[PDB]
file coords_34.cif (mmCIF, N, CA, C and O atoms)
data_structure
#
loop_
_atom_site.label_atom_id
_atom_site.label_comp_id
_atom_site.auth_asym_id
_atom_site.auth_seq_id
_atom_site.Cartn_x
_atom_site.Cartn_y
_atom_site.Cartn_z
N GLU L 1 -36.08 242.98 59.17
CA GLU L 1 -34.79 243.51 59.58
C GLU L 1 -33.75 243.36 58.49
O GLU L 1 -32.83 244.17 58.40
N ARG L 2 -33.89 242.35 57.63
CA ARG L 2 -32.90 242.12 56.59
C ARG L 2 -33.03 243.14 55.47
O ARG L 2 -32.04 243.50 54.83
N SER L 3 -34.25 243.60 55.22
CA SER L 3 -34.54 244.52 54.12
C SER L 3 -34.94 245.91 54.61
O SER L 3 -35.81 246.54 54.01
N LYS L 4 -34.31 246.40 55.68
CA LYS L 4 -34.55 247.77 56.10
C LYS L 4 -34.08 248.78 55.06
O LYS L 4 -34.63 249.88 54.98
N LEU L 5 -33.07 248.43 54.27
CA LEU L 5 -32.40 249.38 53.40
C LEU L 5 -32.94 249.40 51.98
O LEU L 5 -32.74 250.39 51.28
N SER L 6 -33.58 248.33 51.54
CA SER L 6 -34.13 248.31 50.19
C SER L 6 -35.15 249.42 50.02
O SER L 6 -35.97 249.68 50.91
N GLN L 7 -35.10 250.10 48.87
CA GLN L 7 -36.00 251.23 48.65
C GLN L 7 -37.46 250.81 48.61
O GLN L 7 -38.34 251.67 48.64
N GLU L 8 -37.73 249.50 48.55
CA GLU L 8 -39.10 249.01 48.57
C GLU L 8 -39.84 249.43 49.84
O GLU L 8 -41.07 249.48 49.84
N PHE L 9 -39.11 249.74 50.91
CA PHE L 9 -39.74 250.17 52.15
C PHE L 9 -39.52 251.64 52.45
O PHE L 9 -40.03 252.12 53.47
N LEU L 10 -38.79 252.35 51.60
CA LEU L 10 -38.40 253.72 51.90
C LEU L 10 -38.97 254.75 50.93
O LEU L 10 -39.23 255.88 51.35
N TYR L 11 -39.17 254.41 49.66
CA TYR L 11 -39.41 255.47 48.67
C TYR L 11 -40.76 256.15 48.88
O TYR L 11 -40.77 257.34 49.25
N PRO L 12 -41.90 255.51 48.67
CA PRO L 12 -43.16 256.23 48.87
C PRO L 12 -43.69 256.03 50.27
O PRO L 12 -43.62 254.94 50.85
N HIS L 13 -44.23 257.10 50.83
CA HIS L 13 -44.82 257.08 52.16
C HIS L 13 -46.16 257.79 52.15
O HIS L 13 -46.41 258.72 52.92
N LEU L 14 -47.04 257.34 51.25
CA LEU L 14 -48.31 258.00 51.00
C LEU L 14 -49.06 258.37 52.28
O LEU L 14 -49.87 259.30 52.27
N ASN L 15 -48.82 257.65 53.38
CA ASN L 15 -49.45 258.02 54.64
C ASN L 15 -48.73 259.17 55.34
O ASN L 15 -49.37 260.01 55.96
N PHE L 16 -47.40 259.21 55.25
CA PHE L 16 -46.61 260.27 55.89
C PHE L 16 -45.39 260.56 55.03
O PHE L 16 -44.28 260.10 55.31
N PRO L 17 -45.56 261.34 53.96
CA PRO L 17 -44.46 261.56 53.02
C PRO L 17 -43.30 262.28 53.67
O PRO L 17 -43.43 262.91 54.73
N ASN L 18 -42.13 262.19 53.02
CA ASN L 18 -40.87 262.58 53.63
C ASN L 18 -40.34 263.93 53.19
O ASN L 18 -39.34 264.40 53.76
N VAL L 19 -40.93 264.58 52.19
CA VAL L 19 -40.33 265.77 51.61
C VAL L 19 -41.28 266.95 51.70
O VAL L 19 -42.51 266.80 51.67
N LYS L 20 -40.70 268.14 51.82
CA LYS L 20 -41.38 269.41 51.64
C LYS L 20 -41.00 269.98 50.28
O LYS L 20 -40.08 269.50 49.62
N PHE L 21 -41.71 271.02 49.87
CA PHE L 21 -41.51 271.62 48.56
C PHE L 21 -41.17 273.10 48.71
O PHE L 21 -41.91 273.85 49.35
N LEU L 22 -40.06 273.50 48.11
CA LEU L 22 -39.54 274.86 48.17
C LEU L 22 -39.49 275.44 46.77
O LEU L 22 -39.15 274.73 45.82
N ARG L 23 -39.83 276.71 46.64
CA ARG L 23 -39.86 277.39 45.36
C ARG L 23 -38.86 278.52 45.35
O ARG L 23 -38.74 279.27 46.33
N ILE L 24 -38.13 278.66 44.25
CA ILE L 24 -37.05 279.63 44.13
C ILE L 24 -37.31 280.49 42.90
O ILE L 24 -37.68 279.99 41.84
N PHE L 25 -37.13 281.80 43.06
CA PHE L 25 -37.29 282.77 41.99
C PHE L 25 -35.93 283.39 41.69
O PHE L 25 -35.22 283.80 42.61
N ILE L 26 -35.58 283.48 40.41
CA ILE L 26 -34.38 284.21 39.99
C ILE L 26 -34.80 285.40 39.15
O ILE L 26 -35.53 285.24 38.17
N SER L 27 -34.35 286.59 39.53
CA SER L 27 -34.78 287.80 38.84
C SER L 27 -33.67 288.83 38.84
O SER L 27 -32.66 288.67 39.51
N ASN L 28 -33.87 289.89 38.06
CA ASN L 28 -33.08 291.11 38.14
C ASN L 28 -33.96 292.28 37.75
O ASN L 28 -34.84 292.14 36.90
N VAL L 29 -33.71 293.44 38.35
CA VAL L 29 -34.54 294.61 38.07
C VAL L 29 -33.67 295.79 37.64
O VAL L 29 -33.01 296.43 38.46
N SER L 30 -33.67 296.06 36.33
CA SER L 30 -32.95 297.22 35.82
C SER L 30 -33.73 298.49 36.10
O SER L 30 -34.91 298.60 35.77
N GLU L 31 -33.05 299.47 36.70
CA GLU L 31 -33.69 300.72 37.11
C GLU L 31 -32.87 301.91 36.65
O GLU L 31 -31.64 301.92 36.78
N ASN L 32 -33.56 302.92 36.10
CA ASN L 32 -32.97 304.22 35.77
C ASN L 32 -31.72 304.09 34.90
O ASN L 32 -30.81 304.92 34.96
N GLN L 33 -31.68 303.05 34.07
CA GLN L 33 -30.59 302.91 33.12
C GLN L 33 -30.80 303.86 31.95
O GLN L 33 -31.89 304.41 31.78
N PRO L 34 -29.76 304.09 31.13
CA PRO L 34 -29.90 305.05 30.04
C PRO L 34 -31.08 304.73 29.14
O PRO L 34 -31.13 303.68 28.48
N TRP L 35 -32.05 305.64 29.12
CA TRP L 35 -33.22 305.52 28.26
C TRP L 35 -33.70 306.89 27.80
O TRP L 35 -34.18 307.69 28.61
N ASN L 36 -24.53 306.06 34.67
CA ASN L 36 -24.42 304.98 35.65
C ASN L 36 -25.22 303.78 35.18
O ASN L 36 -25.79 303.79 34.09
N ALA L 37 -25.27 302.72 36.00
CA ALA L 37 -25.96 301.49 35.64
C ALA L 37 -26.30 300.72 36.92
O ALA L 37 -25.41 300.42 37.72
N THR L 38 -27.58 300.41 37.10
CA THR L 38 -28.05 299.58 38.21
C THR L 38 -28.20 298.14 37.72
O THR L 38 -28.64 297.91 36.59
N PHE K 1 -68.41 210.41 88.50
CA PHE K 1 -68.07 211.69 89.13
C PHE K 1 -66.67 212.15 88.71
O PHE K 1 -66.48 213.30 88.26
N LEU K 2 -65.68 211.27 88.85
CA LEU K 2 -64.32 211.65 88.49
C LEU K 2 -64.19 212.00 87.01
O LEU K 2 -63.43 212.91 86.65
N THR K 3 -64.90 211.27 86.14
CA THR K 3 -64.85 211.59 84.72
C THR K 3 -65.36 212.99 84.44
O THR K 3 -64.78 213.73 83.63
N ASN K 4 -66.45 213.38 85.10
CA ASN K 4 -66.97 214.74 84.92
C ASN K 4 -65.95 215.78 85.39
O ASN K 4 -65.78 216.82 84.74
N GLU K 5 -65.28 215.51 86.50
CA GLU K 5 -64.23 216.43 86.96
C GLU K 5 -63.14 216.59 85.91
O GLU K 5 -62.68 217.70 85.63
N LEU K 6 -62.69 215.47 85.33
CA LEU K 6 -61.67 215.52 84.29
C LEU K 6 -62.11 216.38 83.12
O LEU K 6 -61.34 217.21 82.62
N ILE K 7 -63.35 216.18 82.65
CA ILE K 7 -63.82 216.92 81.49
C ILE K 7 -63.84 218.41 81.78
O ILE K 7 -63.45 219.23 80.94
N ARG K 8 -64.29 218.80 82.98
CA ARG K 8 -64.29 220.22 83.32
C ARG K 8 -62.88 220.79 83.31
O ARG K 8 -62.64 221.89 82.79
N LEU K 9 -61.92 220.07 83.89
CA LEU K 9 -60.54 220.56 83.91
C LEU K 9 -60.00 220.75 82.50
O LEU K 9 -59.33 221.74 82.20
N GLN K 10 -60.31 219.80 81.61
CA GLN K 10 -59.79 219.89 80.24
C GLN K 10 -60.40 221.05 79.48
O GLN K 10 -59.71 221.75 78.72
N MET K 11 -61.71 221.28 79.65
CA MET K 11 -62.33 222.42 78.98
C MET K 11 -61.76 223.74 79.50
O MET K 11 -61.51 224.67 78.72
N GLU K 12 -61.57 223.85 80.82
CA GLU K 12 -60.92 225.03 81.37
C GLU K 12 -59.55 225.23 80.75
O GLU K 12 -59.14 226.37 80.47
N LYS K 13 -58.82 224.15 80.52
CA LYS K 13 -57.50 224.26 79.91
C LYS K 13 -57.59 224.76 78.48
O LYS K 13 -56.76 225.58 78.05
N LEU K 14 -58.58 224.30 77.72
CA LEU K 14 -58.71 224.72 76.33
C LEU K 14 -59.10 226.19 76.21
O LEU K 14 -58.69 226.86 75.24
N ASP K 15 -59.89 226.69 77.15
CA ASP K 15 -60.38 228.07 77.05
C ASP K 15 -59.24 229.08 77.04
O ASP K 15 -59.30 230.08 76.31
N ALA K 16 -58.20 228.84 77.84
CA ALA K 16 -57.10 229.80 77.91
C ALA K 16 -56.38 229.94 76.58
O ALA K 16 -56.10 231.07 76.14
N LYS K 17 -56.10 228.84 75.90
CA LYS K 17 -55.41 228.93 74.61
C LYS K 17 -56.34 229.47 73.53
O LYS K 17 -55.89 230.23 72.65
N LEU K 18 -57.62 229.11 73.57
CA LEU K 18 -58.55 229.71 72.63
C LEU K 18 -58.61 231.22 72.80
O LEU K 18 -58.83 231.94 71.82
N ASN K 19 -58.42 231.72 74.02
CA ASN K 19 -58.29 233.16 74.20
C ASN K 19 -56.95 233.68 73.69
O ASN K 19 -56.90 234.77 73.12
N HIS K 20 -55.87 232.92 73.89
CA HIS K 20 -54.57 233.39 73.44
C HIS K 20 -54.46 233.48 71.93
O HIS K 20 -53.51 234.08 71.43
N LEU K 21 -55.38 232.87 71.18
CA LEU K 21 -55.31 232.96 69.72
C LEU K 21 -55.47 234.38 69.17
O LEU K 21 -55.01 234.65 68.05
N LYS K 22 -56.08 235.30 69.92
CA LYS K 22 -56.47 236.58 69.34
C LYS K 22 -55.26 237.48 69.04
O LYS K 22 -55.25 238.21 68.04
N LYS K 23 -54.25 237.45 69.89
CA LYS K 23 -53.07 238.27 69.64
C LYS K 23 -52.34 237.82 68.38
O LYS K 23 -51.88 238.64 67.56
N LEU K 24 -52.21 236.51 68.22
CA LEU K 24 -51.66 235.96 66.99
C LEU K 24 -52.53 236.34 65.80
O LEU K 24 -52.05 236.44 64.67
N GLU K 25 -53.82 236.56 66.04
CA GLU K 25 -54.67 237.07 64.97
C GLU K 25 -54.37 238.53 64.65
O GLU K 25 -54.62 238.98 63.52
N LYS K 26 -53.87 239.30 65.62
CA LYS K 26 -53.56 240.71 65.35
C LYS K 26 -52.26 240.88 64.55
O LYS K 26 -52.13 241.80 63.72
N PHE K 27 -51.28 240.02 64.81
CA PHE K 27 -50.07 240.08 63.98
C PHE K 27 -50.40 239.94 62.50
O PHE K 27 -49.67 240.47 61.64
N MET K 28 -51.49 239.26 62.17
CA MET K 28 -51.90 239.15 60.77
C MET K 28 -52.28 240.50 60.20
O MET K 28 -52.00 240.79 59.02
N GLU K 29 -52.92 241.36 61.00
CA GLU K 29 -53.23 242.70 60.53
C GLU K 29 -51.96 243.49 60.27
O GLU K 29 -51.87 244.25 59.29
N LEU K 30 -50.96 243.32 61.14
CA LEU K 30 -49.66 243.93 60.86
C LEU K 30 -49.14 243.52 59.48
O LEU K 30 -48.76 244.37 58.66
N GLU K 31 -49.11 242.22 59.21
CA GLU K 31 -48.57 241.74 57.94
C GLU K 31 -49.37 242.28 56.76
O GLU K 31 -48.80 242.61 55.71
N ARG K 32 -50.69 242.36 56.91
CA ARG K 32 -51.54 242.89 55.84
C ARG K 32 -51.17 244.33 55.50
O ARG K 32 -51.04 244.70 54.32
N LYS K 33 -50.99 245.16 56.53
CA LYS K 33 -50.58 246.54 56.28
C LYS K 33 -49.25 246.61 55.54
O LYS K 33 -49.09 247.39 54.60
N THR K 34 -48.28 245.80 55.97
CA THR K 34 -46.98 245.85 55.32
C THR K 34 -47.07 245.46 53.85
O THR K 34 -46.40 246.05 52.99
N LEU K 35 -47.90 244.46 53.54
CA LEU K 35 -48.08 244.07 52.14
C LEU K 35 -48.67 245.21 51.32
O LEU K 35 -48.23 245.46 50.18
N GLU K 36 -49.65 245.92 51.87
CA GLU K 36 -50.21 247.04 51.12
C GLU K 36 -49.18 248.14 50.88
O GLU K 36 -49.18 248.78 49.82
N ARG K 37 -48.27 248.35 51.83
CA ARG K 37 -47.22 249.35 51.64
C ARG K 37 -46.26 248.95 50.51
O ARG K 37 -45.89 249.78 49.66
N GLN K 38 -45.84 247.69 50.50
CA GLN K 38 -45.01 247.21 49.40
C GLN K 38 -45.72 247.39 48.06
O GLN K 38 -45.09 247.71 47.04
N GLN K 39 -47.04 247.19 48.04
CA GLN K 39 -47.79 247.42 46.81
C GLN K 39 -47.76 248.88 46.38
O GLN K 39 -47.66 249.17 45.18
N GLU K 40 -47.90 249.81 47.33
CA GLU K 40 -47.71 251.23 47.01
C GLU K 40 -46.42 251.44 46.24
O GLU K 40 -46.39 252.06 45.17
N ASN K 41 -45.32 250.92 46.79
CA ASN K 41 -44.02 251.14 46.16
C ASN K 41 -43.97 250.56 44.76
O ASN K 41 -43.45 251.20 43.83
N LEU K 42 -44.49 249.35 44.58
CA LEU K 42 -44.44 248.73 43.26
C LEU K 42 -45.22 249.54 42.23
O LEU K 42 -44.76 249.75 41.10
N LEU K 43 -46.42 249.98 42.61
CA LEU K 43 -47.21 250.82 41.72
C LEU K 43 -46.44 252.05 41.28
O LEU K 43 -46.36 252.36 40.08
N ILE K 44 -45.87 252.78 42.23
CA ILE K 44 -45.24 254.05 41.88
C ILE K 44 -44.00 253.81 41.03
O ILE K 44 -43.71 254.58 40.11
N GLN K 45 -43.26 252.73 41.29
CA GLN K 45 -42.09 252.45 40.47
C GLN K 45 -42.47 252.06 39.05
O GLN K 45 -41.77 252.41 38.09
N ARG K 46 -43.59 251.34 38.89
CA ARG K 46 -44.05 251.03 37.54
C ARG K 46 -44.44 252.30 36.79
O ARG K 46 -44.11 252.45 35.60
N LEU K 47 -45.13 253.22 37.46
CA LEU K 47 -45.46 254.48 36.81
C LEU K 47 -44.20 255.26 36.44
O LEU K 47 -44.13 255.88 35.38
N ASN K 48 -43.18 255.22 37.31
CA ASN K 48 -41.91 255.86 36.98
C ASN K 48 -41.23 255.23 35.78
O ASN K 48 -40.56 255.94 35.03
#
call {"tool": "encode", "arguments": {"input": "coords_34.cif", "output": "C-alpha cells"}}
result
Amino acid sequence: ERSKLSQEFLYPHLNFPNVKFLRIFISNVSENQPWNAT
Amino acid sequence: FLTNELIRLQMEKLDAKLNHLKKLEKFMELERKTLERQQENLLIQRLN
C-alpha cells in the first residue's frame, strides 16, 4: 500500500500490457495541376 | 485410561492448526508472484 505509486509496480505489465498502438499517415495528392491548383 | 484420553485430545487439537498452515502457505505464492513482477520492471529499466 505504501508503494502503489512507484513506477516499479506500474511500468511493465507483460501479462496484461496497458497500451494500444495507433498508426498515422500524413499525405497530399496533387491532381491535374499544370503539366487552377488542387 | 485418563492419560490416553488426554493424548487423544491433544492430537485432535494439533490437527486443526496443522491444517490451518496451508492458507499461510498460499500467501507465499502471492509474494513469489509479486517478486517476479518487480524483476520484470528492473530488467526492462536496465535495458532502457
call {"tool": "interface_residues", "arguments": {"input": "coords_34.cif", "of": "chain K", "to": "chain L", "cutoff": "6 Å", "atoms": "all atoms listed in the file", "output": "ChimeraX atom specification"}}
result
/K:37-38,41
call {"tool": "atom_distance", "arguments": {"input": "coords_34.cif", "atom1": "atom O of residue 3 (chain L)", "atom2": "atom N of residue 35 (chain K)"}}
result
12.3 Å
call {"tool": "atom_distance", "arguments": {"input": "coords_34.cif", "atom1": "atom N of residue 31 (chain K)", "atom2": "CA of residue 1 (chain L)"}}
result
14.4 Å
call {"tool": "atom_distance", "arguments": {"input": "coords_34.cif", "atom1": "CA of residue 30 (chain K)", "atom2": "CA of residue 42 (chain K)"}}
result
19.0 Å
call {"tool": "decode", "arguments": {"input": "coords_34.cif", "residues": "region 24-42 of chain K", "atoms": "N, CA, C and O atoms", "output": "CSV table (one decimal), in the first residue's frame"}}
result
chain,number,residue,atom,x,y,z
K,24,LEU,N,-1.7,-20.0,5.0
K,24,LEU,CA,-0.4,-19.2,5.2
K,24,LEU,C,0.6,-19.7,4.2
K,24,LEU,O,1.5,-18.9,3.8
K,25,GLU,N,0.5,-20.9,3.7
K,25,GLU,CA,1.4,-21.4,2.7
K,25,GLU,C,1.1,-20.8,1.3
K,25,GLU,O,1.9,-20.6,0.4
K,26,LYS,N,-0.2,-20.4,1.1
K,26,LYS,CA,-0.6,-19.8,-0.2
K,26,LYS,C,-0.2,-18.3,-0.3
K,26,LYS,O,0.1,-17.8,-1.4
K,27,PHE,N,-0.3,-17.6,0.8
K,27,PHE,CA,0.2,-16.2,0.8
K,27,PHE,C,1.7,-16.2,0.3
K,27,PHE,O,2.1,-15.2,-0.3
K,28,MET,N,2.5,-17.2,0.5
K,28,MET,CA,3.8,-17.3,0.0
K,28,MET,C,3.8,-17.3,-1.6
K,28,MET,O,4.7,-16.6,-2.2
K,29,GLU,N,2.9,-17.9,-2.2
K,29,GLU,CA,2.8,-17.9,-3.6
K,29,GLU,C,2.5,-16.5,-4.1
K,29,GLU,O,3.0,-16.0,-5.1
K,30,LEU,N,1.6,-15.8,-3.4
K,30,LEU,CA,1.3,-14.4,-3.7
K,30,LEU,C,2.6,-13.6,-3.7
K,30,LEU,O,2.9,-12.9,-4.7
K,31,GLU,N,3.4,-13.7,-2.6
K,31,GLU,CA,4.7,-12.9,-2.5
K,31,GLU,C,5.6,-13.3,-3.7
K,31,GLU,O,6.3,-12.4,-4.2
K,32,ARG,N,5.7,-14.6,-4.0
K,32,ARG,CA,6.6,-15.0,-5.1
K,32,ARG,C,6.2,-14.3,-6.4
K,32,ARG,O,7.1,-13.8,-7.2
K,33,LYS,N,4.9,-14.3,-6.7
K,33,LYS,CA,4.5,-13.6,-8.0
K,33,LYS,C,4.9,-12.2,-7.9
K,33,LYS,O,5.4,-11.6,-9.0
K,34,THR,N,4.7,-11.5,-6.8
K,34,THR,CA,5.0,-10.1,-6.8
K,34,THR,C,6.5,-9.8,-7.0
K,34,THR,O,6.9,-8.9,-7.7
K,35,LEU,N,7.3,-10.7,-6.4
K,35,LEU,CA,8.8,-10.6,-6.6
K,35,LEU,C,9.1,-10.7,-8.1
K,35,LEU,O,10.0,-10.0,-8.6
K,36,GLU,N,8.5,-11.7,-8.8
K,36,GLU,CA,8.8,-11.8,-10.2
K,36,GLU,C,8.4,-10.6,-11.0
K,36,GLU,O,9.1,-10.2,-12.0
K,37,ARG,N,7.3,-10.0,-10.6
K,37,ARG,CA,6.8,-8.7,-11.3
K,37,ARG,C,7.8,-7.6,-11.1
K,37,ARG,O,8.2,-6.9,-12.1
K,38,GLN,N,8.3,-7.4,-9.9
K,38,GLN,CA,9.3,-6.4,-9.7
K,38,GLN,C,10.6,-6.7,-10.5
K,38,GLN,O,11.3,-5.8,-11.0
K,39,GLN,N,10.9,-8.0,-10.7
K,39,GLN,CA,12.1,-8.3,-11.5
K,39,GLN,C,11.8,-7.9,-13.0
K,39,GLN,O,12.8,-7.5,-13.6
K,40,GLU,N,10.6,-8.2,-13.5
K,40,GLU,CA,10.3,-7.7,-14.8
K,40,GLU,C,10.6,-6.2,-15.0
K,40,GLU,O,11.3,-5.8,-15.9
K,41,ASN,N,10.2,-5.4,-14.0
K,41,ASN,CA,10.4,-4.0,-14.1
K,41,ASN,C,11.9,-3.6,-14.1
K,41,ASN,O,12.4,-2.8,-14.9
K,42,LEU,N,12.7,-4.3,-13.2
K,42,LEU,CA,14.1,-4.0,-13.1
K,42,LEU,C,14.8,-4.3,-14.4
K,42,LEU,O,15.6,-3.5,-14.9
